[PDB]
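Both backbone and side-chain heavy atoms feed into the values below; hydrogens, waters and symmetry mates do not. The first residue in the sequence is number 1, and the count goes up from there.
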Amino acid sequence: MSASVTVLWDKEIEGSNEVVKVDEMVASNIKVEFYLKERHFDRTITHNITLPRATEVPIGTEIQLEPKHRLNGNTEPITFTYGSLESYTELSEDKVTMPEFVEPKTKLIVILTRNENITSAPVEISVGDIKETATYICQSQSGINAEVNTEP
């Protein structure tokens with residue numbers, strides 16, 4: 001009930017790829033400190049395994065794989081179970097330092113962005129004499145960048 005697993009990373013597909021504006025914070029001066037010292041965000045990577053509708057892989061088969069994109073320095077494999085656990089989400093805290101002050105005669109804008117990417121790859125599975133090519137999907141978020149612009 002434990003499959004042999006090989007991900008075909010050289011066949012990876014670049015799905016959605018975007019730079020997402022998470023938020024903006026604006027302030028104006030005439031030298032006050034900023035609202036927050038740091039902002040805290042949730043950052044996730046979601047790992048999914050998908051199988052053909054008509055697959056021979058038995059329900060309950062365990063499928064262990066090691067993704068490319070991980071959080072928290074985690075390195076242990078993800079264990080999916082076909083028919084009951086097909087998605088796993090990593091979560092980390094992304095802490096972003098804010099500008100300390102608004103300099104004199106300044107309007108300050110913080111633009112917060114991160115990369116968000118979907119990638120997918122074939123997964124060759126064998127359990128006994130049953131062979132299948134499943135599809136692995138990674139929905140990842142990068143760390144957040146803060147761009148501080150000073151205006152009139």
Side-chain angles (χ1 to χ4, degrees), residues 3 5-55 57 59 61-125 132-152:
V5 180
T6 297
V7 181
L8 313 186
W9 294 119
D10 67 323
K11 293 295 182 195
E12 177 170 287
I13 296 166
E14 177 183 34
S16 184
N17 183 330
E18 302 156 347
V19 179
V20 178
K21 180 177 180 181
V22 171
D23 200 10
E24 61 170 26
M25 309 170 78
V26 75
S28 296
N29 189 353
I30 196 76
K31 188 196 100 131
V32 196
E33 62 157 20
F34 195 60
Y35 320 101
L36 289 65
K37 294 238 165 59
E38 307 163 305
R39 219 166 132 174
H40 306 258
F41 301 89
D42 284 351
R43 170 181 182 197
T44 63
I45 300 181
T46 295
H47 306 277
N48 314 266
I49 198 76
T50 58
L51 275 77
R53 180 162 199 206
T55 181
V57 169
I59 289 186
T61 299
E62 288 196 351
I63 301 157
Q64 284 195 180
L65 61 80
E66 301 182 58
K68 303 202 309 200
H69 308 296
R70 308 291 307 270
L71 296 181
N72 299 309
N74 297 129
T75 206
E76 280 298 278
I78 312 309
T79 303
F80 304 104
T81 296
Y82 173 51
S84 60
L85 197 287
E86 292 162 3
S87 181
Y88 177 85
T89 301
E90 302 185 66
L91 174 61
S92 68
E93 186 194 78
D94 184 15
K95 177 167 42 169
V96 185
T97 305
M98 298 287 100
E100 203 192 335
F101 290 102
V102 199
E103 298 137 0
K105 294 217 193 144
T106 302
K107 180 176 188 114
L108 179 140
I109 312 102
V110 195
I111 305 289
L112 299 140
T113 58
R114 66 178 162 201
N115 294 327
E116 300 195 351
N117 294 268
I118 299 169
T119 57
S120 55
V123 186
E124 289 185 340
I125 296 311
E132 184 63 273
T133 303
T135 300
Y136 161 79
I137 303 164
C138 185
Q139 287 130 352
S140 48
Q141 306 180 329
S142 80
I144 282 176
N145 177 264
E147 181 183 39
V148 177
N149 301 321
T150 51
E151 230 157 67

* State whether the side chain of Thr106 and the backbone N or O of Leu108 hold a donor-acceptor pair below 3.5 Å, judged by distance alone. => no

* Passes side-chain hydrogen bond (donor to acceptor under 3.5 Å, both in side chains), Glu90 versus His69? Steps please. -> CA-CA 10 Å; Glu90 302 185 66; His69 308 296; over 6 Å; no

* Please indicate whether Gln64 has more than 12 foreign heavy atoms, meaning atoms of other residues, nucleotides or ligands, lying under 6.0 Å from its CD. => yes

* Asked: Near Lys31 NZ, under 6.0 Å, is it more than 12 heavy atoms from other residues, nucleotides or ligands?
  -> no

Less than 4.5 Å apart, side chain to side chain, heavy atoms only: is that true for [X] and [Y]?
| X | Y | answer |
| --- | --- | --- |
| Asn145 | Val96 | no |
| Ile30 | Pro104 | no |
| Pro99 | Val110 | yes |

Partners passing salt bridge (charged side-chain N to carboxylate O under 4.0 Å, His left out) against [X] (at least two apart in sequence or in another chain):
| X | answer |
| --- | --- |
| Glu132 | none |
| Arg43 | none |
| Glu24 | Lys21 |
| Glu18 | none |

How long is the span from the [atom1] atom in [X] to the [atom2] atom in [Y], to the nearest 0.5 Å?
| X | Y | atom1 | atom2 | value |
| --- | --- | --- | --- | --- |
| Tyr82 | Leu51 | OH | CG | 5.5 Å |
| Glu12 | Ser120 | CD | OG | 7.5 Å |
| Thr79 | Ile49 | OG1 | CD1 | 11.5 Å |
| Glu147 | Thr113 | CD | OG1 | 7.5 Å |
| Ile78 | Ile45 | CD1 | CD1 | 9.5 Å |
| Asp10 | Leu8 | CG | CG | 6.5 Å |

For [X], enumerate each residue passing the side-chain hydrogen bond (donor to acceptor under 3.5 Å, both in side chains) test, keeping only those at least two apart in sequence or located in another chain.
| X | answer |
| --- | --- |
| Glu124 | none |
| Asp23 | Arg39 |
| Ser87 | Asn48 |

For [X], all residues meeting side-chain contact (heavy atoms from CB on, under 4.5 Å), sequence neighbours excluded:
| X | result |
| --- | --- |
| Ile118 | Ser16, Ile137, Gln139 |
| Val26 | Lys107, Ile109 |
| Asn17 | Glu14, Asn117 |

Testing the basics here: between [X] and [Y], what is the closest heavy-atom pair and its distance to 0.1 Å?
| X | Y | value |
| --- | --- | --- |
| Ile125 | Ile63 | CD1-CG2, 3.8 Å |
| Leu112 | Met98 | CD2-CE, 3.9 Å |
| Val123 | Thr135 | CG2-C, 4.4 Å |

* Sequence neighbours left out, what pairs pass ring-ring contact (aromatic ring centres under 6.0 Å, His included) with at least one residue falling in residues 9-41? => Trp9-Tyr136

* Under the ring-ring contact (aromatic ring centres under 6.0 Å, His included) rule, what pairs show up with a residue in residues 91-110, not counting sequence neighbours? -> none

* Apply the test side chain to side chain contact (heavy atoms under 4.5 Å, CB included) to residues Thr150 and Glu103: give CA-CA distance (whole Å), side-chain angles for both, the deciding distance (0.1 Å), then the verdict. => CA-CA 8 Å; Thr150 51; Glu103 298 137 0; 3.8 Å; yes

* To do: Go through the steps to decide whether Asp42 and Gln141 satisfy the test side chain to side chain contact (heavy atoms under 4.5 Å, CB included), and finish with yes or no.
  => CA-CA 10 Å; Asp42 284 351; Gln141 306 180 329; over 6 Å; no

